[PDB]
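Visitor: Before I ask anything, here is the structure I am working with.
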Ligand SMILES: O=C1CC[C@H](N2Cc3cc(Nc4noc5ccccc45)ccc3C2=O)C(=O)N1
Ligand SMILES: [Zn+2]
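Chains as they are written, first to last, in the authors' numbering: chain C, 10 to 25, 30 to 181, 183 to 303; chain A, 2 to 171, 174 to 284, 297 to 392, 709 to 769, 782 to 1015, 1022 to 1111, 1125 to 1140; chain B, 47 to 209, 220 to 428.
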């Protein structure tokens, strides 16, 4: 019998560690992230700290309660919908061009909001983008801020120094430079988002089925397989704009702010060219019709 | 605490009168009941001969004569309001007169709801039983035997729960009455079995009667049966027999009293709510309008065309009827008039003539019996008739006149408008004025009368707005203004609205016979009260208590407000202290904080009981009148160590007055001492009483003297003096505290010298000096 | 309109029919008594009110057991502050329905109590077991005779027995005819008349419920006044004041004042965010517009029903469990500014039901407001 915070009974595990919980005062369902005290890789106290900063922007989930219960650190938060990786699987590993372009728009803005509050996500992958529930079922939430790093001071806006020699995460969507041990900035979030888009466009990436015994070996193929494949090759047979986006991100200087209006315009104009409406009818909405 | 209350003028209203043979089998008597007072008269050819006047320790709620078998003369049954019952007898031996108690007891039930149509006492024609309807659903029967000296009684269950009127009919003791139910109103009969202790089926079937039946009349033999009187009809039900009549002469007003002229029930006297006097005269039934008397509470034919009219609202009359002498019409002529100060709905004390001895001027009576009365020290009363109802009165020395609010009834017109019913003081002024405005149904019209203090003529009459109701009157100076003004606070009253949402405070001035509206301020509710407060005007508008300043622009400017829990019906003020009240005894104390310009509640006391008036005795004491005719005193302790005690008012005086007070008044009627202070009050029966404070020493002394006096003085009906004066409501009865019955102390001067010695047995002449000093206060 | 008003008062959601008692316990008025206090209860219990309960902790279950054997009555404290643990007044609750259940091995007891008698707290004492017993003084119930019965002319007593706008005008002119002898008008005596006050309140209840006034509504002013007191969505400091009142004439009078002055119902935490208005209040239960209900884990919510709310955001999706109003579902509702919980939204389940959507608001999250 696990009631967290005085009010949240944990019904079941809905992710792994994300748990459905129910508030015993009202009946409201919430999500509870359980992290062991004296765990190997502690982040919950960090995430609870970032969520206080990011509170207020659209697509950022509300925190109910952080604290300790029994042996654990507890994060009680909004219950969201499926992830984009969940919904990809629902659609049989295939998104239309409309669903990518619509998803491109919200995804760009989510990453932008975090960038404004002075942090880089460093974990841009479909698993961390989630639709909401109920009134928020067309809204996209960017979550899991365990890997989020400050990149500039809040008042002086001075950027973090250029380093090399850091450890990359999810190799699949990392940037070229972040494999090369170069320190990450806003550009590397943008370049990441772009791989996520192409991975919707083609059922897989050119560096996806590269197997090797150890994780160091898994990364090494992918990192140089990516360096081997031109952005034109990767986006071939898809609209020019996708290649223009990736060329832009990798065109950025370390400290240099991305032009979010330009990146959102590329797909918004393309969305217009393809004679689509932004009617929040995604591929998955059709399968439920 | 420890106050002394004493009667200044006994009650004058007549709430009942009977005729019979009570002092002698040969004499004809007129017995009059004035609340606590019983008056006995011998009916001579000349007039009425006063024979004996007794006081009772109770409010006479029933008074009937009856002559059982074996008695030489009638006996008198009396039931007081507190349910003391009794039978009395007149015994005289030479010069000594005594009212001896033949039987007595209290008939109250531990459980029961007081009936809607009131107490009803009836006595069987054969003197077999006394029937009482004290509570709904029960009929109490006291059996008339020699061996019932305790007046023991049993109840019979009464299915008809809404009984209007009931009389014993003229073989078995039969009652006929009228009940009200969804079906309608009906007339029914029951026999009463003393042996069975229940009801049996009555002689004649239940008949469906008029939906306004309010009065039952038992016709004696040879006619028998009963007469049921309603708003439109007068029917005669005697078993099977029926003779209904619906005369238009009676349709105008409801008939409220009746009297059997002829012993065989041939002709009856009828009187309505408006003073008309009728004659009711079995094959045929008919009515005749005889003339106009005072509004009758009770009628009683005496002999040789003379009648006594007892008047609760107005003055009591002996009138001569000329029913015979058929050359001239039936006409009523007033032989004698007896003063009735009641109801006193307001009064004031003015030093009119002697400039040392105060004079009491009241608003008294209602409707056509409305009048002023000027009372000065055996009391002397001068009756200024008004033919409409006075409601407030105040004096204005500067303009040597009185300001009086009043009200008259007018009926809606066919033309669109209203027509008065008779001339009245507001319509016969020498100068008049009306406020600037913005079917047959009664409409109430309110005026400000201006009245010469010397002649008592109606110099000016100002009429107020349509549907405006005048509530408060003041005479005073305000601000830096040398002028003195009449200020009337009003309320707009429409039948659809339930609480007053508009009102006015109107500043008049009386100069050179001309009354002018100096200023008018409109407020958002009823102005229940106003008082002059240290050069400002303190006006209560519903639950707000507001303070006004008189600008040099001759305007009222709001200085502060104070919103209370309660509606501010009563206002009073001593110093910077204010006493706020409401109809439910909710007392409040405020104090004006001049350094802050606002009000600050000092204390309160909420004990739910209906409250009729309040008055500031001293800085620490407040005197009130509260439900079931009681007086009380509340007290403040500004010294107390805790703030929970210092904002609490302690109940320090409880007294069963026996009268319904309407106004308290600081002042005296004597030439301006063991007593401190003087509060005069007036009541619904027209009683005037005097309230004044004592010392703990003088209180304790008189208190011992009361108990002794109670051991020696013979109470008519053997009613205990402690029981009578005990604080009374239907829920609680507590013994009286903090009050000295000055009417009992003063009765010492009337007890016999041997009895005086018995009381003084710790010197009787030493006590007579104390009592005589105490008679010098009124 | 198309859902049984009787289903919510049955409290069928609690489960199978409970054991019912028929007896009654009433301490004689003004009597000092010590009565135990259920530790977790926070409600300010008006008399004549049903309080559902589900007790889980072992100390609570034991305490109900003793009561079902003794006089069955516990003390419900009206708290000035809960954390202060201070209370000046409260009400006796008599248990009249119970059921014991052994769920997942743990003993559980479900109770329906009813408020009986107002009291003044003389002393509170927590015993060595953690359960606290209350020194209490039973506050009497004030009944006043008619206003003018005393000043009634015995001859004029006839006016009293009396036969809608034309009827109340004749009622006021006859029952209050003897105001001619007193200094106050007849219409002011009707501002203190129980039957006149109640008929003014019945006019406001019919605006909330289509139910005929005749049967549902009690004739006795004391029972009528307490029934109305229970269904007013006011705040606790007001209700503690209303409880302090002993006279129905005043209780009925402070009730009409509240129903006319306060027209807006705003979030208590914001004080300024408007949630709904008295125009939207409506009765979907027999006991009135507002009733007391228990959540599966024992929390008890006083749930006022309104057709329309605003400034509420829904959280989650409709659920059909524990539906205090069966045939309806619920979506937890938060205040749009402070995110405090305000109540639940009820959404029908069969299209034939009416109303198809309604709202249920928990009194403790509201604040009655006077406009301007
Ligand atoms: O009509 C209404 C409005 C809503 C209101 N509810 C319903 C409810 C259910 C609940 N369920 C559960 N908590 O933990 C659980 C673990 C497993 C399975 C179920 C649960 C917790 C609280 C409440 C509450 O407040 C009510 O009782 N009635
Ligand atoms: Zn809020």
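Beta carbons: idealized from backbone N, C-alpha and C, even for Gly.
With a threshold of 8 Å between beta-carbons, can residue 107 of chain B be considered close to chain C, or not?
Guide: No - not a single Cβ of chain C is within 8 Å of the one on residue 107 of chain B.
Visitor: Per DSSP, residue 965 of chain A is paired with what?
Guide: Paired residues: A:959, A:977.
Visitor: Give, in chain order, every unbroken run of the alpha helix (DSSP H) that is at least 4 residues long and sits entirely within the region 260-316 of chain B.
Guide: Counting only runs of 4 or more, we get 269-272, 277-286, 292-300.
Visitor: Runs of 4 residues minimum, wholly inside the region 226-266 of chain C: which ones carry the alpha helix (DSSP H) assignment?
Guide: Taking only runs of at least 4 residues, the alpha helix (DSSP H) segments lying wholly in the region 226-266 of chain C are 229-242, 245-248, 254-264.
Visitor: Can you give me the C-alpha to C-alpha distance between residue 776 of chain A and residue 844 of chain A, rounded to a whole angstrom?
Guide: Along chain A, the last residue before the gap is 769 and the first after it is 782, so residue 776 of chain A carries no coordinates.
Visitor: Distance cutoff 8 Å, beta carbons only. Does residue 383 of chain B sit that close to anything in chain C?
Guide: No - not a single Cβ of chain C is within 8 Å of the one on residue 383 of chain B.
Visitor: If you measure between the beta carbons of residue 846 of chain A and residue 861 of chain A, is that distance less than 8 Å?
Guide: Cβ atoms of residue 846 of chain A and residue 861 of chain A: not closer than 8 Å.
Visitor: What does the alpha-carbon distance come out to for the pair residue 253 of chain C and residue 128 of chain C?
Guide: C-alpha separation (whole angstroms): 27 Å.
Visitor: Compute the minimum distance between the beta carbon of residue 208 of chain B and the heavy atoms of ligand 1, and state whether it is under 7 Å.
Guide: For ligand 1, not one heavy atom lies less than 7 Å from the Cβ of residue 208 of chain B.
Visitor: Output the boundary residues of the beta strand (DSSP E) element that contains residue 141 of chain A.
Guide: 139-144 is the extent of the beta strand (DSSP E) around residue 141 of chain A.
Visitor: What separation, rounded to the nearest whole angstrom, lies between the Cα atoms of residue 106 of chain A and residue 257 of chain A?
Guide: Rounded to whole angstroms, residue 106 of chain A to residue 257 of chain A spans 36 Å at the Cα level.
Visitor: If the criterion is Cβ atoms closer than 8 Å, does the pair residue 188 of chain C and residue 194 of chain C meet it?
Guide: No, they are not a contact pair.
Visitor: Closer than 9 Å between beta carbons: that is the criterion. Which residues of the region 353-372 of chain B meet it against chain C?
Guide: Within the region 353-372 of chain B, the qualifying residues are 353, 354, 355, 357, 369, 370, 371, 372.
Visitor: Thinking just about the alpha-carbon of each residue, which of B:129, B:61, B:172, B:141 is nearest to the one in residue 116 of chain B?
Guide: Closest by alpha carbon: B:141.
Visitor: Would you say residue 388 of chain B reaches chain C, if we count a Cβ-Cβ gap shorter than 8 Å as a contact?
Guide: So yes, residue 388 of chain B belongs to the interface.
Visitor: Pick from C:120, C:250, C:46: whose alpha carbon is nearest that of residue 85 of chain C?
Guide: When only C-alpha atoms are compared, the closest one is C:46.
Visitor: Is it the case that the Cβ atoms of residue 177 of chain A and residue 205 of chain A are separated by a distance below 8 Å?
Guide: Contact: yes.
Visitor: I'd like to know if the region 54-69 of chain C and the region 264-278 of chain C are in contact, where contact means that at least 3 CB-CB pairs between them fall below 8 Å.
Guide: The region 54-69 of chain C vs the region 264-278 of chain C: no contact.
Visitor: Taking 7 Å as the cut-off, is the beta-carbon of residue 40 of chain C closer than that to any non-hydrogen atom of ligand 1?
Guide: Checking the Cβ of residue 40 of chain C against ligand 1 gives yes.
Visitor: Going by the CB atoms, is the gap between residue 354 of chain B and residue 101 of chain B shorter than 8 Å?
Guide: For residue 101 of chain B and residue 354 of chain B, yes; Cβs fall inside 8 Å.
Visitor: Along the chain, which unbroken stretches of the beta strand (DSSP E) at least 3 residues long are found entirely within the region 114-144 of chain B?
Guide: If we require 3 residues or more, the beta strand (DSSP E) runs fully inside the region 114-144 of chain B come out as 119-127.
Visitor: Between the alpha carbons of residue 42 of chain A and residue 27 of chain A, how many angstroms are there, rounded?
Guide: If I take the Cα positions, the gap works out to 13 Å.
Visitor: Is the beta carbon of residue 394 of chain B within less than 7 Å of some heavy atom of ligand 2?
Guide: It does: the Cβ of residue 394 of chain B is within 7 Å (strictly closer) of some heavy atom of ligand 2.
Visitor: Which residues in the same chain have their Cβ closer than 7 Å to the Cβ of residue 380 of chain A, if we skip the five residues on either side of it in sequence?
Guide: Closer than 7 Å at Cβ, skipping near neighbours: 328, 329, 358, 386.
Visitor: Can you pull out the residues from the region 402-428 of chain B whose beta carbon lies closer than 8 Å to at least one beta carbon of chain A?
Guide: Going along the region 402-428 of chain B in chain order, one finds no residue with a Cβ nearer than 8 Å to chain A.
Visitor: Quick one: any contact between the region 62-77 of chain B and the region 336-349 of chain B, if contact means 3 or more CB pairs under 8 Å?
Guide: No, the region 62-77 of chain B does not touch the region 336-349 of chain B.
Visitor: Let me confirm a value: residue 757 of chain A is counted as buried when at least 16 other C-beta atoms fall within 10 Å, else exposed. Which label applies?
Guide: The residue in question, residue 757 of chain A, is buried, as its Cβ has 16 or more Cβ neighbours within 10 Å.
Visitor: Quick one: using the 10 Å Cβ neighbour count with 16 as the cut-off for buried, is residue 93 of chain C buried or exposed?
Guide: Buried, by the Cβ-count rule.
Visitor: Have a look at residue 299 of chain B and residue 92 of chain B and give me their C-alpha separation to the nearest angstrom.
Guide: Computed Cα separation, rounded: 7 Å.
Visitor: Could you list which residues in chain C have their beta carbon closer than 8 Å to that of residue 57 of chain B, in chain order?
Guide: The contacting residues do not exist; residue 57 of chain B stays about 17 Å from chain C at best.
Visitor: For residue 241 of chain B, is the classification buried or exposed, using 16 other Cβ atoms within 10 angstroms of its Cβ as the cut-off for buried?
Guide: The residue is buried, with at least 16 neighbouring Cβ atoms inside 10 Å.
Visitor: Under DSSP, the beta strand (DSSP E) around residue 122 of chain A begins and ends at which residues?
Guide: From DSSP, the beta strand (DSSP E) with residue 122 of chain A extends over 122-124.
Visitor: Would a check of beta-carbon distances place residue 397 of chain B closer than 8 Å to chain C?
Guide: Interface residue, yes.
Visitor: For residue 1036 of chain A, count neighbouring C-beta atoms within 10 Å of its own C-beta (all shown protein chains included) and say buried if the count is 16 or more, exposed if not.
Guide: Burial call: buried.
Visitor: I want to check one thing, is the minimum distance from the CB of residue 113 of chain C to the heavy atoms of ligand 1 below 7 Å?
Guide: No.
Visitor: Starting from residue 118 of chain C and walking both ways along the alpha helix (DSSP H), at which residues does that stretch end?
Guide: Residue 118 of chain C -> alpha helix (DSSP H) spans 110-129.
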